[PDB]
Each structure stands twice: as structure tokens, then as C-alpha cells.
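Student: Handing you this structure, nothing more for now.
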Amino acid sequence: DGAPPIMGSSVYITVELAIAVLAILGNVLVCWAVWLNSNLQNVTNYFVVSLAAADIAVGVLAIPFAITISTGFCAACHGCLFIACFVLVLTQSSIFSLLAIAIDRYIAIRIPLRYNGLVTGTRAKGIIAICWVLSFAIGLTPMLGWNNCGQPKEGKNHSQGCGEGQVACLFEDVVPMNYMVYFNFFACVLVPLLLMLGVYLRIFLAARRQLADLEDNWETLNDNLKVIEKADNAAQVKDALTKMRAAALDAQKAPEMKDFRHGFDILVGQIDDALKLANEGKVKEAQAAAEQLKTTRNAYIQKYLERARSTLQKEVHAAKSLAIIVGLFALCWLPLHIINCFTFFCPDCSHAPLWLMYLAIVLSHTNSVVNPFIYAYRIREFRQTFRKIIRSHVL
Ligand SMILES: CC(C)CCC[C@@H](C)[C@H]1CC[C@H]2[C@@H]3CC=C4C[C@@H](O)CC[C@]4(C)[C@H]3CC[C@]12C
Ligand SMILES: CC(C)CCC[C@@H](C)[C@H]1CC[C@H]2[C@@H]3CC=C4C[C@@H](O)CC[C@]4(C)[C@H]3CC[C@]12C
Ligand SMILES: CC(C)CCC[C@@H](C)[C@H]1CC[C@H]2[C@@H]3CC=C4C[C@@H](O)CC[C@]4(C)[C@H]3CC[C@]12C
Ligand SMILES: Nc1nc(NCCc2ccc(O)cc2)nc2nc(-c3ccco3)nn12
Ligand SMILES: CCCCCCCC/C=C\CCCCCCCC(=O)O
Ligand code: NA
């Protein structure tokens, strides 16, 4: 007896098809938006588009393949392997795109002046092509001989009635678990995820150190103004102006930049005017001259400190958005990997039940639906472009 298998299969297939439709629709929308809007055509979003292409291919190809292999149909073993492993190509391509995005944002916050000369569209396109080639080689490695085709399940193959040279096409009968655990999970998934975690950690540390340095230079300017006003001797005035001058040149280092220089030029020239007074022992004139710095601070320096701060806060917010993507990739794929570790490392354990295997498979596929929602909720330029596309070409 036992419940007819087609009842549970019907539920699984219906859910897979629902996921495939949403993965295609949302990720086509991502690609459309980048095509339409020049503000979205930058190197970072070339990797976003490559990631969306991989998720479109989950809906078009990997989900029909997953449905097919759930039936255990008879197949030539290398044809079976291709249908079993193709999803691993798409998932490896996703990992490479996620890693490139993290490195791109790290270069941008670490050496922003070098960024545009280093990271070009032409170089990004070459990197994307190479990553797709490597993804095929990695995900299809079982087809090169690391497979169980040489040790068929003869009982399964006779009970299904397969012909000569065919196997019953079931994932765990043809793909070796040592490949899935040691090669795919540990080396190809978990090591890159840990690398991505460390890169994001370095991004947030760099932003936090730059904001701290901004504030230090700002407090150094103001505190030394108070010292000069509180002073009663040329050397104390002289000392405070010298410290004020270094903070000013440090801040200057940390079209639009023409007004920026004029502000700091008035500032540094005023410090030098006051210093020259100080070296001659004119303390009250040095204090008077040093009081002019306050209108320069209010007219130029505070305004540029604010823009620097808000630019850094935007980069932090944008890096947090992109890291949520990495975290949802991990949440959707880790259950399947962890089940494989139990299967492989605990021969004394009963195998995870079939309903749980298929739930983990469906969860991994749902990852191909979620990124368009994160872009819509977290990134204004995507949200506004989505809204324009839907209102114009669907309404
Ligand atoms: C969408 C288009 C462009 C690409 C799709 C190509 C797919 C559908 C083709 C390419 C290779 C094909 C497989 C190659 C060999 C076999 C072994 C045979 O015993 C069963 C069919 C099977 C498993 C084929 C199924 C269909 C297949 C997966
Ligand atoms: C990243 C987070 C969400 C991972 C979620 C943890 C999941 C994948 C873990 C938690 C408890 C685990 C199960 C607990 C014990 C068993 C019984 C054993 O005979 C087969 C594996 C099986 C069935 C485990 C499968 C994996 C499992 C379900
Ligand atoms: C979450 C990331 C960062 C680390 C990944 C944790 C993985 C590798 C850990 C978490 C829980 C672990 C499992 C917990 C218990 C068992 C049963 C034991 O008889 C064999 C090892 C096995 C099956 C472990 C394998 C490794 C394991 C799956
Ligand atoms: N273990 C596993 N099984 C399957 N499908 C087979 C589910 C199953 C397992 C046992 C059985 O007797 C009948 C069916 N797909 C799978 N995909 C993956 C995978 C992809 C990426 C990481 O793990 N692991 N994986
Ligand atoms: C964007 C461009 C993507 C094109 C990449 C294609 C390159 C494929 C490279 C290596 C794939 C190796 C898989 C081996 C095929 C086995 C065939 C067989 O033995 O039947
Ligand atoms: Na993906």
C-alpha cells in the first residue's frame, strides 16, 4: 500500500512551476530596468544582471530538469549527469557574481580615486565571461569521470526496466557525495561565502574609520579655535594654529571640486596669515585674524564635511543591501548542503526523509525569486525604474 506517489508529486511539481514563473518575471524586470536607465548602467550592476540571468535560467532550465529527475526515468548515465548537475553551474555562477560585487564595493570605498581607472566596463565583461566558463567546468566536473556511472544500482535499473547502458536517473545514485560535500560544498561554496563575509566586514570597518577621521579633523579645528581664544601667549597661539593646519590639509585630502578647493584655500591662507602674525609676536592680531576662520568654517568647511559624511552613509547603506542578498543565498542553499553532510558523514543515521529533501530543493529554488524584491525595497533607482516600467508597459 502507501499513498499513491502521484499525489505528493503533483504538489511538488505545482510549487516548482509557481517558483519558475516568478523567477523569470522578476529577473526579466531587473534586466529591463538596467537596459532602460543609464543611471543603472555601471560595473556593479553588470554583475547584478549576470546574477539575474542565472536566476532566469533556474526558471527556464533547472526547474524543468529538477521535475524530470524526480521521476527517476531511464537515461544514458552521462545524459542523466548533465540534467542532475546543470543547476550547479548556475549556482556557481551566482557565487562568482556575488563575490565580484563584494570586491567591487571594497575597491570603491578603499581607493575611490583609483576606482574608475581600475574597474572598467570592458574589464568587467571579461571577468563575467571567465566566471561563466569556470562555472561550467566546476559544476560539470562529474561528467569528466567523478561519478557513479560505473557502479549502477542494478535492482533499481531492472525494476524500472531500463535498457542497456541506462540507469534510473536519481541524483544520489549518480552524483558522488564526496564530490558534493568536499568539492562543491566546502571548496566551492563555503570558502567563497566566508571570503565574502570578510570583505563585507572590511567594507564596514573602512567606512567606520573614515567617518571617525572626518570627525577627528572637525573637532581638532574647533578645539584649537577655543585654545587660541583662551590663549595669553604667542607660542600657545602658534602651537594651536600648527595643529589646526595639519587637520586642514588632512581634511582637504579626504566642477564640484573647484569650489571645494577655494574653501580650503581661504582656510589655509587664513591660518598662514595668523601664523605669520604669531611668529612676530602679535598675539592680539593673531587672535583677531584667527577669528576670521569661523566664517570660513561655516561657509565652506562644515558644508563639505556634511557631503563627505552623507556619501559614506550612502555607501554603507548600499553595502548592507548587497550583503542581505548574500545572506539570503546562504539561508536558501545551506539546508541542502547540511543534509548532504548528514548523508555522507553519518552512515548510522537514517537518510533525511523524502518530503524534507524536496522541501530543501524547493527552498534553494526560491532563492531565484527574492533578489528583485530586495532591489525594489532597498535601492531607490531600481524601485523608481520598476514603477515606471510597470505603469507604462503593463498598465
Ligand atoms: C533550451 C535549449 C536551447 C537547450 C535544452 C537542451 C536540453 C533540453 C537537452 C540537451 C542534452 C539533452 C540530454 C542528453 C542525453 C540524454 C540521455 C537520454 O537517455 C535521455 C535524454 C537526455 C537526458 C537528454 C535530455 C534533453 C537534453 C538535456
Ligand atoms: C541554515 C539553517 C536554516 C539550516 C537549517 C538546519 C536544518 C538543515 C537541519 C536542522 C536539523 C537537521 C536534521 C536533524 C536530524 C536528522 C536525522 C538524520 O537521520 C538525518 C538528517 C536529519 C533529518 C537532519 C537534517 C538537517 C536538519 C533538518
Ligand atoms: C554554518 C557554516 C558557517 C558552517 C557549516 C556547518 C556544518 C559544516 C556542520 C554543522 C552541523 C554539523 C553536523 C552535526 C552532526 C553530525 C553527525 C555526525 O555523526 C557526523 C557529522 C555531522 C553530520 C556534522 C557535519 C558538519 C555539520 C553539518
Ligand atoms: N542530495 C540531493 N538529492 C537531490 N535529489 C534527490 C532527492 C532524493 C534523495 C534520496 C532518494 O532516495 C530519492 C530522492 N537533489 C540534490 N541537489 C543537491 C544539491 C544541490 C546543491 C547542493 O546540494 N543535493 N541533492
Ligand atoms: C558565456 C559563455 C558560456 C560558455 C561556456 C561553455 C564552455 C564549456 C566548458 C567546459 C564544459 C565541460 C563539460 C564537459 C561536457 C561533457 C560532454 C560529454 O562528455 O558528453
Ligand atoms: Na542564483
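Each chain in the C-alpha cells gets a letter, A, B, ..., in the order shown, and its residues are numbered from 1; ligands are numbered from 1 in order too.
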Quick one: everything within 12 Å of stretch 77-82 of chain A, counting only C-alpha atoms, minus sequence neighbours fewer than 6 positions away in the same chain. Send it as a compact mmCIF listing (two decimals) with N, CA and C atoms, in the first residue's frame.

Tutor:
# COMPACT_ATOMS: atom_id res chain seq x y z
N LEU A 61 15.33 26.38 -17.19
CA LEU A 61 16.05 25.13 -17.42
C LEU A 61 16.18 24.29 -16.16
N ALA A 62 16.71 24.84 -15.06
CA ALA A 62 16.99 23.99 -13.90
C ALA A 62 15.72 23.43 -13.28
N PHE A 65 14.44 20.58 -15.41
CA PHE A 65 15.35 19.46 -15.14
C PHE A 65 15.07 18.81 -13.79
N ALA A 66 14.83 19.62 -12.75
CA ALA A 66 14.55 19.07 -11.43
C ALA A 66 13.27 18.24 -11.44
N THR A 68 12.03 16.67 -14.03
CA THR A 68 12.35 15.46 -14.80
C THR A 68 13.08 14.42 -13.95
N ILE A 69 14.13 14.84 -13.24
CA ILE A 69 14.91 13.88 -12.47
C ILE A 69 14.17 13.35 -11.23
N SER A 70 13.12 14.04 -10.75
CA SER A 70 12.31 13.48 -9.66
C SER A 70 11.58 12.20 -10.08
N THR A 71 11.42 11.95 -11.38
CA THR A 71 10.70 10.76 -11.79
C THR A 71 11.59 9.52 -11.82
N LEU A 88 24.16 23.17 -10.74
CA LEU A 88 25.38 23.52 -10.01
C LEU A 88 26.21 24.53 -10.78
N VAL A 89 26.08 24.54 -12.10
CA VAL A 89 26.71 25.59 -12.92
C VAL A 89 26.10 26.95 -12.58
N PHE A 136 30.85 26.42 -15.59
CA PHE A 136 30.58 25.19 -16.33
C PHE A 136 31.57 24.09 -15.94
N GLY A 139 30.79 22.98 -12.20
CA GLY A 139 29.52 22.30 -11.96
C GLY A 139 29.40 21.01 -12.74
N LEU A 140 30.12 20.90 -13.87
CA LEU A 140 30.03 19.70 -14.69
C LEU A 140 31.21 18.75 -14.49
N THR A 141 32.06 19.01 -13.50
CA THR A 141 33.16 18.07 -13.21
C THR A 141 32.74 16.60 -13.11
N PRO A 142 31.57 16.23 -12.56
CA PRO A 142 31.20 14.79 -12.57
C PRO A 142 31.18 14.18 -13.96
N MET A 143 30.85 14.95 -15.01
CA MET A 143 30.86 14.40 -16.36
C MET A 143 32.27 14.05 -16.85
N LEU A 144 33.32 14.47 -16.15
CA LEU A 144 34.68 14.11 -16.54
C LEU A 144 35.14 12.80 -15.93
N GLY A 145 34.30 12.17 -15.11
CA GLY A 145 34.63 10.85 -14.61
C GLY A 145 34.41 10.70 -13.11
N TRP A 146 34.18 11.80 -12.40
CA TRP A 146 33.95 11.72 -10.95
C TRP A 146 32.45 11.50 -10.73
N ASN A 147 32.02 10.26 -10.96
CA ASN A 147 30.59 9.97 -10.96
C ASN A 147 30.41 8.50 -10.62
N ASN A 148 29.16 8.11 -10.37
CA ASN A 148 28.84 6.73 -10.00
C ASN A 148 28.31 5.93 -11.18
N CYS A 149 28.55 6.39 -12.43
CA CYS A 149 28.04 5.66 -13.60
C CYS A 149 28.64 4.27 -13.70
N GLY A 150 29.84 4.08 -13.16
CA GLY A 150 30.48 2.78 -13.22
C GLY A 150 30.00 1.78 -12.19
N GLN A 151 29.08 2.19 -11.31
CA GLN A 151 28.57 1.33 -10.24
C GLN A 151 27.06 1.48 -10.16
N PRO A 152 26.34 1.01 -11.18
CA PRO A 152 24.89 1.23 -11.21
C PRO A 152 24.16 0.45 -10.13
N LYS A 153 22.95 0.92 -9.83
CA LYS A 153 22.00 0.21 -8.97
C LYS A 153 21.24 -0.75 -9.86
N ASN A 157 17.61 -0.45 -11.65
CA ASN A 157 17.57 -0.37 -13.10
C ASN A 157 16.74 -1.49 -13.71
N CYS A 162 15.06 -0.36 -17.29
CA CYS A 162 15.93 0.42 -18.16
C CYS A 162 16.65 -0.50 -19.14
N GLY A 163 17.04 0.07 -20.27
CA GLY A 163 17.73 -0.69 -21.29
C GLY A 163 19.21 -0.78 -21.02
N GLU A 164 19.93 -1.30 -22.02
CA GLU A 164 21.37 -1.46 -21.93
C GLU A 164 22.05 -0.10 -21.87
N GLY A 165 22.96 0.06 -20.91
CA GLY A 165 23.66 1.32 -20.74
C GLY A 165 22.85 2.44 -20.14
N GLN A 166 21.67 2.16 -19.59
CA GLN A 166 20.86 3.19 -18.96
C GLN A 166 20.82 2.98 -17.45
N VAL A 167 20.63 4.06 -16.72
CA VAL A 167 20.39 3.97 -15.28
C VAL A 167 19.05 4.63 -14.97
N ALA A 168 18.49 4.28 -13.82
CA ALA A 168 17.41 5.07 -13.27
C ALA A 168 18.01 6.38 -12.78
N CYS A 169 17.54 7.50 -13.33
CA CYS A 169 18.22 8.78 -13.17
C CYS A 169 17.76 9.41 -11.87
N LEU A 170 18.51 9.15 -10.80
CA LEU A 170 18.24 9.69 -9.48
C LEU A 170 19.52 10.36 -8.98
N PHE A 171 19.38 11.58 -8.46
CA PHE A 171 20.55 12.40 -8.12
C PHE A 171 21.57 11.63 -7.31
N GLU A 172 21.15 11.04 -6.17
CA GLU A 172 22.12 10.44 -5.27
C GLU A 172 22.65 9.11 -5.76
N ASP A 173 22.05 8.53 -6.81
CA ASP A 173 22.64 7.33 -7.38
C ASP A 173 23.77 7.64 -8.36
N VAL A 174 23.79 8.83 -8.97
CA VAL A 174 24.80 9.10 -9.99
C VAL A 174 25.83 10.15 -9.57
N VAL A 175 25.49 11.10 -8.72
CA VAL A 175 26.44 12.15 -8.31
C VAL A 175 27.08 11.71 -7.00
N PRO A 176 28.41 11.57 -6.93
CA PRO A 176 29.02 11.08 -5.68
C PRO A 176 28.89 12.10 -4.57

Student: List as a short mmCIF file (atom, residue, chain, number, x, y, z; two decimals) with C-alpha atoms, in the first residue's frame the protein and nucleic acid residues near residue A:250, meaning an atom at most 12 Å away when only C-alpha atoms are counted, but skip any in the same chain fewer than 3 places from it.

Tutor:
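Output contents, as saved in out_27.cif:
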data_model
loop_
_atom_site.label_atom_id
_atom_site.label_comp_id
_atom_site.auth_asym_id
_atom_site.auth_seq_id
_atom_site.Cartn_x
_atom_site.Cartn_y
_atom_site.Cartn_z
CA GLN A 210 36.92 57.23 7.53
CA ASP A 213 38.85 60.53 10.83
CA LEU A 214 36.40 63.08 9.43
CA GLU A 215 35.10 63.79 12.94
CA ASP A 216 38.60 63.96 14.43
CA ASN A 217 39.70 66.61 11.93
CA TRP A 218 36.50 68.57 12.57
CA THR A 220 40.57 69.36 16.01
CA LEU A 221 39.69 72.53 14.09
CA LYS A 243 47.78 71.65 14.72
CA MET A 244 44.83 73.36 13.02
CA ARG A 245 46.82 73.48 9.78
CA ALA A 246 47.60 69.74 9.68
CA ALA A 247 43.95 68.84 10.31
CA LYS A 253 42.82 65.13 1.14
CA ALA A 254 39.79 63.22 2.45
CA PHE A 264 40.14 75.17 1.93
CA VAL A 268 44.78 77.51 4.88
#

Student: For ligand 2, return the neighbouring residues as a PyMOL selection string (distance at most 7 Å; only C-alpha atoms and all ligand atoms).

Tutor: chain A and resi 331+334-336+338-339+342-343+349-353

Student: Write out as number ranges by chain each polymer residue whose atoms come within 12 Å of residue A:201, counting only C-alpha atoms; drop sequence neighbours fewer than 5 positions from it.

Tutor: A: 102-103, 105-106, 194-196, 206-208, 316, 319-320, 323

Student: Ranking A:111, A:3, A:235, A:63 by minimum distance to ligand 4 and counting only C-alpha atoms and all ligand atoms, which one comes first?

Tutor: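 Between A:111, A:3, A:235, A:63, the residue approaching ligand 4 most closely is A:63.
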
Student: With distances taken over only C-alpha atoms, which of A:40, A:76, A:248, A:231 is nearest to residue A:288?

Tutor: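 Smallest distance to residue A:288 is found for A:231.
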
Student: Give me, as an mmCIF file with N, CA, C and O atoms, in the first residue's frame, the set of residues whose atoms come within 12 Å of any atom of ligand 6, counting only C-alpha atoms and all ligand atoms.

Tutor:
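Result saved to result-v4.cif:
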data_model
loop_
_atom_site.group_PDB
_atom_site.id
_atom_site.type_symbol
_atom_site.label_atom_id
_atom_site.label_comp_id
_atom_site.auth_asym_id
_atom_site.auth_seq_id
_atom_site.Cartn_x
_atom_site.Cartn_y
_atom_site.Cartn_z
ATOM 1 N N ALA A 23 10.435 33.561 -10.791
ATOM 2 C CA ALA A 23 11.857 33.778 -11.008
ATOM 3 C C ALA A 23 12.094 34.427 -12.357
ATOM 4 O O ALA A 23 12.908 35.344 -12.472
ATOM 5 N N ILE A 24 11.401 33.941 -13.390
ATOM 6 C CA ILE A 24 11.518 34.525 -14.717
ATOM 7 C C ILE A 24 11.018 35.968 -14.709
ATOM 8 O O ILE A 24 11.741 36.892 -15.103
ATOM 9 N N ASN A 27 13.167 38.622 -12.567
ATOM 10 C CA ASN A 27 14.528 38.837 -13.033
ATOM 11 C C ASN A 27 14.577 39.425 -14.443
ATOM 12 O O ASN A 27 15.522 40.156 -14.755
ATOM 13 N N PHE A 47 27.298 42.834 -12.881
ATOM 14 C CA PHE A 47 27.261 41.612 -12.088
ATOM 15 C C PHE A 47 25.855 41.316 -11.594
ATOM 16 O O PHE A 47 25.472 40.146 -11.528
ATOM 17 N N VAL A 48 25.069 42.356 -11.266
ATOM 18 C CA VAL A 48 23.661 42.154 -10.921
ATOM 19 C C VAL A 48 22.915 41.502 -12.085
ATOM 20 O O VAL A 48 22.107 40.580 -11.885
ATOM 21 N N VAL A 49 23.162 41.973 -13.315
ATOM 22 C CA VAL A 49 22.488 41.398 -14.487
ATOM 23 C C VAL A 49 22.938 39.956 -14.734
ATOM 24 O O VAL A 49 22.135 39.099 -15.145
ATOM 25 N N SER A 50 24.231 39.674 -14.543
ATOM 26 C CA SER A 50 24.720 38.304 -14.713
ATOM 27 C C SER A 50 24.075 37.367 -13.693
ATOM 28 O O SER A 50 23.759 36.210 -13.996
ATOM 29 N N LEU A 51 23.888 37.851 -12.473
ATOM 30 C CA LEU A 51 23.174 37.096 -11.441
ATOM 31 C C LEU A 51 21.694 36.879 -11.816
ATOM 32 O O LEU A 51 21.146 35.782 -11.623
ATOM 33 N N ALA A 52 21.033 37.908 -12.366
ATOM 34 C CA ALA A 52 19.635 37.770 -12.800
ATOM 35 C C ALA A 52 19.493 36.759 -13.940
ATOM 36 O O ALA A 52 18.494 36.013 -14.013
ATOM 37 N N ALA A 53 20.453 36.765 -14.869
ATOM 38 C CA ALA A 53 20.480 35.792 -15.971
ATOM 39 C C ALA A 53 20.574 34.367 -15.450
ATOM 40 O O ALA A 53 19.912 33.459 -15.963
ATOM 41 N N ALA A 54 21.413 34.154 -14.449
ATOM 42 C CA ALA A 54 21.492 32.844 -13.806
ATOM 43 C C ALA A 54 20.165 32.460 -13.163
ATOM 44 O O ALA A 54 19.777 31.287 -13.206
ATOM 45 N N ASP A 55 19.445 33.434 -12.551
ATOM 46 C CA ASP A 55 18.161 33.088 -11.927
ATOM 47 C C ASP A 55 17.048 32.901 -12.966
ATOM 48 O O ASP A 55 16.161 32.061 -12.774
ATOM 49 N N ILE A 56 17.089 33.639 -14.082
ATOM 50 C CA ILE A 56 16.188 33.337 -15.195
ATOM 51 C C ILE A 56 16.404 31.902 -15.666
ATOM 52 O O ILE A 56 15.440 31.153 -15.901
ATOM 53 N N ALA A 57 17.677 31.479 -15.771
ATOM 54 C CA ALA A 57 17.958 30.125 -16.247
ATOM 55 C C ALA A 57 17.503 29.056 -15.243
ATOM 56 O O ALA A 57 17.218 27.919 -15.641
ATOM 57 N N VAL A 58 17.466 29.374 -13.947
ATOM 58 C CA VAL A 58 16.828 28.459 -12.995
ATOM 59 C C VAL A 58 15.367 28.217 -13.381
ATOM 60 O O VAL A 58 14.901 27.074 -13.416
ATOM 61 N N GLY A 59 14.627 29.272 -13.730
ATOM 62 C CA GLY A 59 13.231 29.060 -14.076
ATOM 63 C C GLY A 59 13.051 28.325 -15.396
ATOM 64 O O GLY A 59 12.146 27.499 -15.540
ATOM 65 N N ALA A 62 16.711 24.842 -15.057
ATOM 66 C CA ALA A 62 16.993 23.994 -13.899
ATOM 67 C C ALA A 62 15.716 23.429 -13.281
ATOM 68 O O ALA A 62 15.733 22.299 -12.760
ATOM 69 N N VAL A 87 22.227 22.622 -12.624
ATOM 70 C CA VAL A 87 21.908 23.637 -11.618
ATOM 71 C C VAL A 87 23.168 24.062 -10.862
ATOM 72 O O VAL A 87 23.232 25.168 -10.333
ATOM 73 N N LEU A 88 24.156 23.168 -10.740
ATOM 74 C CA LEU A 88 25.377 23.517 -10.012
ATOM 75 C C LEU A 88 26.211 24.532 -10.781
ATOM 76 O O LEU A 88 26.997 25.289 -10.181
ATOM 77 N N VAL A 89 26.083 24.536 -12.104
ATOM 78 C CA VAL A 89 26.714 25.587 -12.920
ATOM 79 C C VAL A 89 26.099 26.947 -12.585
ATOM 80 O O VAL A 89 26.808 27.945 -12.363
ATOM 81 N N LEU A 90 24.762 27.001 -12.541
ATOM 82 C CA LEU A 90 24.061 28.268 -12.282
ATOM 83 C C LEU A 90 24.356 28.763 -10.880
ATOM 84 O O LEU A 90 24.534 29.971 -10.656
ATOM 85 N N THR A 91 24.438 27.843 -9.925
ATOM 86 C CA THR A 91 24.696 28.239 -8.546
ATOM 87 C C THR A 91 26.139 28.691 -8.349
ATOM 88 O O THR A 91 26.404 29.563 -7.506
ATOM 89 N N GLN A 92 27.088 28.095 -9.092
ATOM 90 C CA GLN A 92 28.479 28.553 -9.058
ATOM 91 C C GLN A 92 28.618 29.915 -9.726
ATOM 92 O O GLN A 92 29.354 30.782 -9.237
ATOM 93 N N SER A 93 27.919 30.123 -10.849
ATOM 94 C CA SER A 93 27.918 31.449 -11.463
ATOM 95 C C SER A 93 27.383 32.505 -10.490
ATOM 96 O O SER A 93 27.925 33.618 -10.409
ATOM 97 N N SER A 94 26.344 32.169 -9.716
ATOM 98 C CA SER A 94 25.814 33.125 -8.735
ATOM 99 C C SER A 94 26.875 33.490 -7.702
ATOM 100 O O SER A 94 27.023 34.658 -7.337
ATOM 101 N N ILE A 95 27.605 32.492 -7.206
ATOM 102 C CA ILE A 95 28.619 32.729 -6.189
ATOM 103 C C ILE A 95 29.702 33.669 -6.715
ATOM 104 O O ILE A 95 30.125 34.601 -6.015
ATOM 105 N N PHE A 96 30.142 33.456 -7.960
ATOM 106 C CA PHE A 96 31.159 34.325 -8.563
ATOM 107 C C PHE A 96 30.655 35.764 -8.720
ATOM 108 O O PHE A 96 31.390 36.726 -8.443
ATOM 109 N N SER A 97 29.417 35.934 -9.190
ATOM 110 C CA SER A 97 28.834 37.277 -9.270
ATOM 111 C C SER A 97 28.754 37.935 -7.891
ATOM 112 O O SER A 97 29.064 39.119 -7.741
ATOM 113 N N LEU A 98 28.275 37.197 -6.874
ATOM 114 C CA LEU A 98 28.215 37.778 -5.542
ATOM 115 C C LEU A 98 29.605 38.191 -5.071
ATOM 116 O O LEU A 98 29.766 39.244 -4.455
ATOM 117 N N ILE A 325 21.516 40.196 0.249
ATOM 118 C CA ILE A 325 21.465 39.249 -0.861
ATOM 119 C C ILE A 325 22.341 38.025 -0.571
ATOM 120 O O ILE A 325 21.942 36.877 -0.816
ATOM 121 N N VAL A 326 23.576 38.259 -0.115
ATOM 122 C CA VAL A 326 24.476 37.143 0.185
ATOM 123 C C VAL A 326 23.898 36.294 1.311
ATOM 124 O O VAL A 326 23.952 35.053 1.269
ATOM 125 N N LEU A 328 20.702 35.877 2.166
ATOM 126 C CA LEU A 328 19.567 35.064 1.710
ATOM 127 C C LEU A 328 20.017 33.916 0.799
ATOM 128 O O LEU A 328 19.397 32.856 0.807
ATOM 129 N N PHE A 329 21.059 34.114 -0.003
ATOM 130 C CA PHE A 329 21.645 32.986 -0.736
ATOM 131 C C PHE A 329 22.066 31.881 0.244
ATOM 132 O O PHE A 329 21.724 30.711 0.060
ATOM 133 N N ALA A 330 22.776 32.247 1.317
ATOM 134 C CA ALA A 330 23.213 31.244 2.296
ATOM 135 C C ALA A 330 22.020 30.549 2.967
ATOM 136 O O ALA A 330 22.015 29.322 3.133
ATOM 137 N N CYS A 332 19.041 30.050 1.803
ATOM 138 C CA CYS A 332 18.306 29.174 0.890
ATOM 139 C C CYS A 332 19.099 27.921 0.481
ATOM 140 O O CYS A 332 18.481 26.908 0.138
ATOM 141 N N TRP A 333 20.434 27.980 0.432
ATOM 142 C CA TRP A 333 21.231 26.839 -0.043
ATOM 143 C C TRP A 333 21.816 25.987 1.073
ATOM 144 O O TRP A 333 22.097 24.800 0.847
ATOM 145 N N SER A 364 15.925 26.016 -2.079
ATOM 146 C CA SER A 364 17.053 26.501 -2.865
ATOM 147 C C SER A 364 16.560 27.204 -4.127
ATOM 148 O O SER A 364 17.154 28.195 -4.562
ATOM 149 N N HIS A 365 15.484 26.694 -4.744
ATOM 150 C CA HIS A 365 14.981 27.342 -5.962
ATOM 151 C C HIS A 365 14.330 28.689 -5.655
ATOM 152 O O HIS A 365 14.339 29.589 -6.516
ATOM 153 N N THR A 366 13.693 28.823 -4.484
ATOM 154 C CA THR A 366 13.069 30.109 -4.146
ATOM 155 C C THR A 366 14.095 31.233 -4.067
ATOM 156 O O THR A 366 13.716 32.406 -4.188
ATOM 157 N N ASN A 367 15.382 30.911 -3.903
ATOM 158 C CA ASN A 367 16.393 31.967 -3.937
ATOM 159 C C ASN A 367 16.356 32.743 -5.248
ATOM 160 O O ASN A 367 16.702 33.931 -5.279
ATOM 161 N N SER A 368 15.967 32.097 -6.334
ATOM 162 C CA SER A 368 15.916 32.778 -7.626
ATOM 163 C C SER A 368 14.729 33.727 -7.767
ATOM 164 O O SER A 368 14.573 34.317 -8.843
ATOM 165 N N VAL A 369 13.899 33.888 -6.724
ATOM 166 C CA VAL A 369 12.745 34.790 -6.765
ATOM 167 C C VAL A 369 13.055 36.057 -5.971
ATOM 168 O O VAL A 369 12.486 37.123 -6.239
ATOM 169 N N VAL A 370 13.934 35.957 -4.970
ATOM 170 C CA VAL A 370 13.928 37.003 -3.937
ATOM 171 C C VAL A 370 14.722 38.270 -4.322
ATOM 172 O O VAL A 370 14.362 39.364 -3.874
ATOM 173 N N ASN A 371 15.799 38.179 -5.109
ATOM 174 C CA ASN A 371 16.626 39.371 -5.334
ATOM 175 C C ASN A 371 15.849 40.552 -5.907
ATOM 176 O O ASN A 371 16.026 41.671 -5.399
ATOM 177 N N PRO A 372 14.985 40.399 -6.915
ATOM 178 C CA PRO A 372 14.201 41.570 -7.375
ATOM 179 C C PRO A 372 13.452 42.290 -6.246
ATOM 180 O O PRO A 372 13.303 43.515 -6.309
#

Student: Just how far from atom CA of residue A:41 is atom CA of residue A:379, in Å to one decimal?

Tutor: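 Calculated distance between atom CA of residue A:379 and atom CA of residue A:41 is 14.2 Å.
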
Student: Using only C-alpha atoms, which of A:225, A:29, A:180, A:109 sits nearest residue A:344?

Tutor: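 Of the candidates, the smallest distance to residue A:344 is held by A:180.
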
Student: Report as a PyMOL selection string all protein, DNA and RNA residues lying within 12 Å of residue A:11, evaluated on only C-alpha atoms, omitting residues in the same chain fewer than 4 positions from it.

Tutor: chain A and resi 5-7+15-18+67+355+358-359+362

Student: Identify, with DSSP run on backbone atoms, the residues in stretch 54-224 of chain A assigned to strand (DSSP E or B), and express the list as a list in words.

Tutor: residues 74, 75, 76, 166, 167 and 168 of chain A

Student: With N, CA, C and O atoms kept, could you save the residues just selected as a CSV table (one decimal), in the first residue's frame?

Tutor:
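The resulting selection_14.csv:
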chain,number,residue,atom,x,y,z
A,74,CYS,N,14.5,6.3,-17.0
A,74,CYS,CA,15.7,5.7,-17.6
A,74,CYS,C,16.5,6.6,-18.5
A,74,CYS,O,15.8,7.2,-19.4
A,75,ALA,N,17.8,6.7,-18.4
A,75,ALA,CA,18.6,7.6,-19.2
A,75,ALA,C,20.0,7.1,-19.3
A,75,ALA,O,20.5,6.4,-18.4
A,76,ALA,N,20.6,7.4,-20.4
A,76,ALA,CA,22.1,7.2,-20.5
A,76,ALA,C,22.7,8.0,-19.4
A,76,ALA,O,22.3,9.2,-19.1
A,166,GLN,N,21.7,2.2,-19.6
A,166,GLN,CA,20.9,3.2,-19.0
A,166,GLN,C,20.8,3.0,-17.5
A,166,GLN,O,20.9,1.8,-17.0
A,167,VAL,N,20.6,4.1,-16.7
A,167,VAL,CA,20.4,4.0,-15.3
A,167,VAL,C,19.1,4.6,-15.0
A,167,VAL,O,18.5,5.4,-15.7
A,168,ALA,N,18.5,4.3,-13.8
A,168,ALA,CA,17.4,5.1,-13.3
A,168,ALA,C,18.0,6.4,-12.8
A,168,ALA,O,18.9,6.4,-11.9

Student: Kindly give the distance, in Å, that separates atom CA of residue A:297 and atom CA of residue A:270, rounded to a single decimal.

Tutor: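 The value is 11.1 Å.
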
Student: Using only C-alpha atoms and all ligand atoms, find the one residue out of A:191, A:131, A:177, A:138 that sits nearest to ligand 3.

Tutor: A:191

Student: So, counting only C-alpha atoms and all ligand atoms, which residue among A:317, A:123, A:182, A:223 is closest to ligand 3?

Tutor: A:182

Student: Given the choices A:84, A:284, A:39, A:32, which gets closest to ligand 1 if the distance is worked out from only C-alpha atoms and all ligand atoms?

Tutor: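 That would be A:84, the residue with the smallest distance to ligand 1.
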